[PDB]
Protein chains: 6
Amino acid sequence: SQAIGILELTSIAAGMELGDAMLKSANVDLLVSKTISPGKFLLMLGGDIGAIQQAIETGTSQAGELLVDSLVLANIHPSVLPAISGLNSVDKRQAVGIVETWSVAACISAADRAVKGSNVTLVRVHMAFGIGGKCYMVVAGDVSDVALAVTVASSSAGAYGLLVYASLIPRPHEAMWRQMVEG
Amino acid sequence: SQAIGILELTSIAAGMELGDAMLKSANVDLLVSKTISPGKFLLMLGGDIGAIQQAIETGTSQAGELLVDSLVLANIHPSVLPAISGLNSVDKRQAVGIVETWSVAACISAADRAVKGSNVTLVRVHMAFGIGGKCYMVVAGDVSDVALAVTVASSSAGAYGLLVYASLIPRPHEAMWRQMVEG
Amino acid sequence: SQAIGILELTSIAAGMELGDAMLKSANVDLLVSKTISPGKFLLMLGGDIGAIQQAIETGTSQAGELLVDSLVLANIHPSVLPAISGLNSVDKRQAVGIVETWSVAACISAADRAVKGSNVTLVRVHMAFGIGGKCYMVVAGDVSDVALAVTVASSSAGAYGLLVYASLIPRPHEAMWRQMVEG
Amino acid sequence: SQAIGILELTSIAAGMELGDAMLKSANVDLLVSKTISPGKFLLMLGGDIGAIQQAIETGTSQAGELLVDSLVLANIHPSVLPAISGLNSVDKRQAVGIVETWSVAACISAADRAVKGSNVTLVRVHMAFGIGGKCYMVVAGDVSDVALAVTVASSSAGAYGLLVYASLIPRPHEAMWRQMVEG
Amino acid sequence: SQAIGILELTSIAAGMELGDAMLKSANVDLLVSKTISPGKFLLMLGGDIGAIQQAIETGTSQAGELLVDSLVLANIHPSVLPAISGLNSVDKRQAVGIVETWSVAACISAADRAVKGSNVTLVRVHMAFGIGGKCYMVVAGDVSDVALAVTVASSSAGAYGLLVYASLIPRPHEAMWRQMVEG
Amino acid sequence: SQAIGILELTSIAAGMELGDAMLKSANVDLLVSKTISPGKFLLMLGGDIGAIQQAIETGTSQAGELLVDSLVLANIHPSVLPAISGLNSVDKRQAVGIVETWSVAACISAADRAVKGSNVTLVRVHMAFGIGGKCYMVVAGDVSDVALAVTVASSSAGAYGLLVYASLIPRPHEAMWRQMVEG
Ligand SMILES: [Cl-]
Ligand SMILES: [Cl-]
Ligand SMILES: [Cl-]
Ligand SMILES: [Cl-]
Ligand SMILES: [Cl-]
Ligand SMILES: [Cl-]
Ligand SMILES: [Cl-]
């Protein structure tokens, strides 16, 4: 029902002007607004499909040659957006699943598939260094729910040859729990 | 507890003589004894560690330059062996997990970690074309049991960078079931 | 009225999951579901056009980078489907016609043109080694019916420069009959 | 007194048409009629010299450019023909000799020399993958008879630098016996 | 019973002198006597085998270094000769078959095979540009007779890998008939 | 039980000094002590394992950079040693077996396996030109004994890909016997 808008610019100045412009243009949520090395700027938006398409169109149009990349990931589960913008709350210490991918796009799709495919909590979708680099999604819940989530997410990523590794941590320890679930 | 002994020869004649020789030498069970393209012969032995080590040593010693490859996989779960030899019986139509790898060495280790870290039935360990090629292991049971099993085995293969793909088929079809479980 | 759906994957695991997925998705019939060397998997579906298109779209979409090839051969004669899946029964020992081609697609189109173009029995459509390799179709009946079938099928394959050879064997040796017709 | 006819074609269709043609042409026995990778077809015939020469001449003439190879192995011992077409019966579990060669031609000559040179039973002449690949002949009988057979056959093959390996299995075990003598 | 003699010279002067010389030498009939691009001369003779052999021998001997090519096509059906020299009369508008080949030799042998192999009328054997270029033969009669003719002729040409295309025109049109049959 | 010690030096002077030194060091017997082309010296010692190991260690230690090669072959049959040193006596004119190899190391191992796995007389182990060159072993006795012997020894050499050829001469000739058995 929802959507992810990705707009990567070759300029920070352009990114901020365009980012502001996109927020005013429709009812969109800015999930990410950061500089990536070696000078590129990243804008990540959440919201209803039409709003995202309108913002990304306004963005790309105004962007001109400053546009590095623009992507619209459609039909995303609601939980995915806050997992991109920050963290989703975990009710209790249970099993943890981590699926590592190449590209935020692949990670988002894996996360989405996991969310539909199970009763897990999608804790967060992390980007180590920009849109094409190592990304990981963290899921929490029953060992069985986490196993299903992990297999589903791995298969999603693996299908596009962008799966790095996926792990299941039943009964994680404190140090790790805080580090996996809270960042 | 058990062990898998792998011996690949550059000659069918050598393979049969060596195969027979290995069977007489210890209390090993011939699991696989076939020709692989483009002329190489494969021998796979099952049994206790010491017997397998003795058999593989006798094999490699007598093999000389005819030896292509020799491998000894120890601390192997019982169920694994007959899944290499042939098929393991499935009590009822439930979920099916398939983990695809590069190398039987890898597939065996995946299948092993599966069985230990689950209540699944390891149906079979298939080699499409020899020891280094595409291999797949088929597990059956609860969707949750298959899910754990599939993940574990995947992470096993993934760690050595030899996972191809892995899939979960809950509620498999009339025809696909016969193919996946019966060969 | 009928259609052929061809899906070739780079993974057996993906092939089985996708194959099962396609069977559930529409009222399609699995004609071929086999591994091809050196690790690629083949899916061939028969059924009504819309069902085949939906199935192949679902297949290709889910396949991602694991997709080797996908094809939808439309407006196929009913008899072609069982000739792909297995054999069609021959009423009586009469003349035999063989048309050899490069690609199962060529072969199917040749077989289809032969079936519409004559009163022959299309015995079988055989693939020696996968979708792009040597294929052959076997027809039986009157020497005249077989001649028409063979010329038609040759002129179909030849048009795309994929005709290998075509032969007419009026009254074959029973040994040859048992081979070409009876499989 | 007898002879082996070898006709290898670049087309399956041509192979079947020509194969049928050869069977009708003279009193010849079709010992082999199979497809070889990557699309070539193999015809192996047994019979009296004149019949074989006539069939191979008819074959090669009609073959034209579709001819890959044609060979006539003359003065072959009767037992060699059924050993090519299938298996020769072994009276009792005794010693087994295996001689491995490159090319069916070399294998046939070695088998023939072994048959004349001893009281062994030539069980079978096997081709792993076509006319030029790994071929092996299996002999059975007394350890002394099998030793003579093996030395003779090895010397034959070795003379043309086409011997791969040759082994003597006195007292083979069941698993192996069934696999060496029955295929 | 009849034969075709082909003599291609590197000189028109030589061709005419040699052409005349052969006509005097035996009871041969000049079928074709024309210049081919880019300066080569072509002579085609019809008659009894011995006469053709004598004429072609005399031709090649006297030709010396001016000889491009010489060929004697033996055991040719009488109807082929006038089909080379000109046209054969068609009794009634029926189906038309066209077999296109590379080389007049391949076309002649296809035409001959078609004539023996059926009750068709061989209308003409056409050469577009010299002995090695595109040639076609036109047959007329029953759709069944024409189909048999076309399959036979195609298999002939195809065997030597010189088949271009072959077509069957049942019920040809007012204008196309005149073109296909009358040149 | 016995051992063969091989020491090849880059100097004749070093070879003689080292040779003498090795004889004094243990209860080893000098089997071979000769110059090889193009200046290298060869020493072959016979005796009990420990003595041979001590001798070869003393040899290699004192040899320094003058060492070309050193080898210790253990579990050698008595008969082998004098067949290296010179000739073994043949009781009567019977069948003769000759097994030709690359390297004396290989020839010795072949000759060994022969003697253990037969009742043949190992007549001699000949080196045409040094340790790595053509070597042959001559066995005599029953055709059956020679046959077993020849095969065993061949399979030994073949396994290391160092068999050249092997022959069986039942009923050898007046002159050839003297050459084969007496040198
Ligand atoms: Cl910033
Ligand atoms: Cl949700
Ligand atoms: Cl177990
Ligand atoms: Cl139909
Ligand atoms: Cl076949
Ligand atoms: Cl016989
Ligand atoms: Cl001894």
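Residues numbered from 1 in each chain as written, not as in the entry; some residues may be left out. Chains lettered and ligands numbered in written order. Part of a larger assembly, values for the part shown. Heavy atoms only, no water.

Enquirer: In this structure, what is going on with the overall build of chain A? I would like to understand it.
Expert: When its secondary structure is counted, chain A shows six helices and eight strands. For chain A, the N- to C-terminal ordering of α and β elements is β-α-β-β-α-β-α-β-α-β-β-α-β-α. The C-alpha atoms of chain A give a radius of gyration of 16 Å, which matches the 16 Å a tight globule of 183 residues would have. C-alpha extents for chain A along the principal axes are approximately 50 × 35 × 30 Å. In chain A, which comprises 183 residues, the proportion classed as buried is 50%. Sequence separation of 24 or more characterises 74% of the internal contacts of chain A that already satisfy a separation of 6 or more. When the accessible surface of chain A is totalled, it reaches about 8,100 Å², and 51% of it is carbon and sulfur. (Helix = DSSP H or I, 4+ residues; strand = E, 2+ residues; numbered from the N terminus. Rg over C-alpha atoms; globule rule 2.2 N^0.38 Å. Buried < 20%, exposed > 50% of the residue type's maximum accessible area, 1.4 Å probe, protein only. Contact = heavy atoms within 4.5 Å. Areas by Shrake-Rupley, 256 points an atom, 1.4 Å probe, with all protein chains shown as cover.)

Enquirer: Can you walk me through the interface of chain D and chain B in this structure?
Expert: If you look at the interface, chain D gives 18 residues, while chain B gives 19 residues. Around 1,500 Å² of area is buried between chain D and chain B when both sides are counted, 65% of it from carbon and sulfur atoms. It is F129, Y165 and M176 of chain D in chain D that bury the most area against chain B; as a group they hold 33% of the surface buried on that side. Summed over the shared surface of chain D and chain B, the number is zero salt bridges. Seen at the junction of chain D and chain B, the total is ten residue pairs in polar contact. Going through the elements one at a time, β5 (95–102), β7 (134–141), β8 (163–169) and α6 (174–181) of chain D are the ones with two or more residues in the side of chain D that touches chain B. Top contributing element to the side of chain D that touches chain B by residue count: β8 of chain D, with five residues. (Buried area = accessible area lost by both parts, 1.4 Å probe. Salt bridge = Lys/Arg side-chain N within 4 Å of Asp/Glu carboxyl O. Polar contact = N/O pair within 3.5 Å; in protein donor to acceptor, adjacent residues only side chain to side chain.)

Enquirer: Before we go on, may I ask you to explain the domain arrangement of chain A in this structure?
Expert: Accessible area lost when the parts come together is the quantity often used to give the size of an interface. Residue and element names in this part refer to chain A. Partitioning chain A into domains gives domain 1 (1–78) and domain 2 (79–183). Contacts between domain 1 and domain 2 engage 20 residues on the former and 17 residues on the latter. Summed over both partners, the interface of domain 1 with domain 2 buries about 1,400 Å², with 73% contributed by carbon and sulfur atoms. Considering only the side of domain 1, the residues that lose the most area to domain 2 are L31, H77 and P78, jointly responsible for 38% of the buried surface there. Counting the contacts that link domain 1 with domain 2 gives zero salt bridges. At the boundary of domain 1 with domain 2, the tally comes to five residue pairs in polar contact. (Domains from an automatic or database assignment.)

Enquirer: What am I meant to see in the interface of chain B and chain A here?
Expert: If you look at the interface, chain B gives twelve residues, while chain A gives 13 residues. Per-residue buried area on chain B facing chain A is highest for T151, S155 and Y165 of chain B; these three make up 44% of the total on that side. Put simply, chain B and chain A have zero salt bridges between them. Counting residues per element, the ones that place at least two in the side of chain B that touches chain A are α5 (143–159) and β8 (163–169) of chain B. Looking at the side of chain B that touches chain A, the element that brings in the most residues is α5 of chain B, giving nine residues. For the side of chain B that touches chain A, a count of residues per class yields seven nonpolar, five polar and no charged. (Nonpolar A, V, L, I, M, F, W, Y, C, P; charged D, E, K, R; others polar.)

Enquirer: When you look at the pattern of salt bridges in this model, what are you seeing that I'm missing?
Expert: Opposite charge on two side chains allows them to pair when their charged atoms are near. All names here are of chain A. In the structure shown here, the tally under the stated rule is 20 salt bridges over all chains. The salt bridge involving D91 is made with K92; its shortest N-O contact spans 3.3 Å. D91 sits in the exposed class, given a relative accessible area of 58%. Of the residues examined, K92 reaches a relative accessible area of 48% and is grouped as partly exposed.

Enquirer: What is the right way to look at the relation of the copies chain B and chain A in this model?
Expert: Note on the chain copies: they are related by a rotation about an axis and a translation along it. Structural alignment of chain B on chain A gives an RMSD of 0.2 Å, achieved by rotating through 180° and translating 0.2 Å along the axis. As the rotation angle and translation indicate, the two copies are arranged about a two-fold axis. Same-surface contact between copies: 100% of interface residues of chain B are shared with the interface of chain A. (Least-squares fit on C-alpha atoms.)

Enquirer: Explain the sheet that holds strand β7 (residues 134–141) of chain F to me, please; I cannot follow it from the model alone.
Expert: Sheet strands associate in pairs through backbone hydrogen bonding, adopting either a parallel or an antiparallel arrangement. Residue and element names in this part refer to chain F. The strand order β6-β7-β5-β8 describes an open sheet built from four strands, whose pairing is antiparallel. The open sheet terminates on both sides in strands that have one partner only, identified here as β6 (121–127) and β8 (163–169). Averaged over all adjacent pairs, the angle separating strand axes in this sheet is 10°, with direction ignored. Relative to β7, β6 runs antiparallel, the two being bridged by six bridges. Among the inter-strand pairings, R124 is bridged to a residue of β7, identified as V138. Sitting on the sheet, helix α4 (residues 104–116) is in contact with β5 (95–102), β6 and β7, with an inclination near 175° to β6. (Pairing = 2+ DSSP bridges. Axes fitted to C-alpha atoms, helices over the stretch in contact; angles between N-to-C directions.)

Enquirer: Honestly, the packing of helix α4 (residues 104–116) of chain B against α5 of chain B in this entry has me stumped. Any pointers?
Expert: Axes are the key here: two packed helices are described by the angle between their axes and the distance separating the axes. Residues and elements named next belong to chain B. Between α4 and α5, whose axes approach to 8 Å, the crossing angle comes to 140°. In this structure, α4 meets α5 at a crossing whose hand is right-handed. Of the residues in α5, those touching α4 at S109, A110, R113 and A114 are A149, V152, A153 and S156. Classifying every residue of the contact of α4 with α5 by side-chain character gives five nonpolar, two polar and one charged. (Left-handed = near helix turned anticlockwise from the far one by under 90°.)

Enquirer: Explanation requested: the relation of the copies chain D and chain B in the structure shown.
Expert: Screw-axis analysis of chain D against chain B gives a translation of 0.1 Å along the axis, an RMSD of 0.2 Å, and a rotation angle of 120°. Such a turn and shift between the copies fits a three-fold axis. Distance from the rotation axis, computed per C-alpha, reaches its smallest value in chain D at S37 of chain D: 6.6 Å.

Enquirer: Quick question: what am I supposed to make of the arrangement of the chains here?
Expert: When the nine pairs of chains in contact are ranked by number of contacts, first place goes to chains B and D. You won't find any contact between chain A and chain E; their C-alpha atoms come no closer than 43 Å. Chain B shows no contact with chain E. Their nearest C-alpha atoms sit 30 Å apart.

Enquirer: Looking at this structure, I do not really get the sheet that holds strand β1 (residues 2–9) of chain B. What am I missing?
Expert: Ordered in space as β2-β3-β1-β4 (chain B), the four strands form an open sheet in which the pairing is antiparallel. A strand with exactly one partner marks an edge of an open sheet, and here the two such strands are β2 (29–35) and β4 (67–76) of chain B. Recorded for the sheet is a direction-independent mean angle of 10° between the axes of neighbouring strands. As defined by bridge partners, β2 of chain B adjoins strand β3 (residues 41–48) of chain B across six bridges and the pair is classed as antiparallel. Paired with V32 of chain B across the two strands is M44 of chain B, which belongs to β3 of chain B. Of the strands in this sheet, β1, β3 and β4 of chain B touch α4 of chain B, which is tilted by about 5° from β4 of chain B. Lying on the sheet, α6 of chain D is in contact with β2 and β3 of chain B; it crosses β2 of chain B at an angle near 15°.

Enquirer: Teacher, can you tell me more about the packing of aromatic side chains here?
Expert: Taken as a whole and assessed by the stated rule, the structure comprises zero aromatic pairs over all chains. Above the ring of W102 of chain A, the side-chain terminus of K134 of chain A is found at 5.5 Å from the ring centroid. (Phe/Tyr/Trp six-rings, centres within 6.5 Å; stacked < 30°, edge-to-face > 60°. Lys NZ or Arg CZ within 6 Å of the ring centre and 35° of its normal.)

Enquirer: Before we go on, may I ask you to explain the side chain of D20 of chain D in this structure?
Expert: Summarising the element assignment, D20 of chain D is placed in helix α1 (residues 12–25). Under the relative-accessibility criterion, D20 of chain D is labelled buried at 4%. Sequence-distant contacts of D20 of chain D, defined by excluding residues within four places in its chain, comprise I169, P172, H173 and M176 of chain C.

Enquirer: How should I be thinking about the side chain of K134 of chain B in this particular structure?
Expert: Counting through the fold element by element, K134 of chain B comes out in strand β7 (residues 134–141). Classification of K134 of chain B as buried rests on a relative accessible area of 3%. In this structure the side chain of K134 of chain B is engaged in a polar contact, spanning 2.8 Å, whose partner is the backbone oxygen of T10 of chain C.

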